[PDB]
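One structure is given below, encoded as structure tokens.
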Amino acid sequence: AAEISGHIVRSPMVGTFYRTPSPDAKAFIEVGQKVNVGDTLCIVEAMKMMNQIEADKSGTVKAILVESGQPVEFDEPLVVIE
């Protein structure tokens, strides 16, 4: 069964996933927070430059299939959202 996917942010490309804008900060997003259209999610460092993501239909983080800060490949779900 490959469907019913809540709302992940699979690295749109061969970039990197992130959840901390500042060194030891309050992270970008964590399971429990309810995102909302126009609400920066995480950083998609594509090539090396951050690529902040803005909600497209709100939602609620459910888990980070991907680590925190590391490279990834297209279709590589990182931040899961309900």
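So the sequence shown is numbered by our numbering: it starts at 50 and just counts up by one. The beta carbon of each residue, even a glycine, is placed where N, CA and C say it ideally should be.
Using the DSSP secondary-structure output, state which residues sit across from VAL110 in a beta bridge. Paired residues: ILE130.
In this structure, what does DSSP give as the bridge partners for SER60? Answer by DSSP bridge pairing, in chain order: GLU125.
Is it right to say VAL129 is buried, meaning 16 or more other beta carbons lie within 10 angstroms of its own, or is it exposed? Residue environment: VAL129 is assigned as buried (16 or more neighbouring CB atoms within 10 Å of its CB, all protein chains considered).
Quick one: is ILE53 buried, meaning 16 or more other Cβ sit within 10 Å of its Cβ, or exposed? It is exposed - the Cβ of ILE53 has fewer than 16 other Cβ atoms within 10 Å.
Straight-line Cα distance separating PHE123 from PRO61: In a straight line, the C-alpha of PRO61 is about 5 Å away from that of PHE123.
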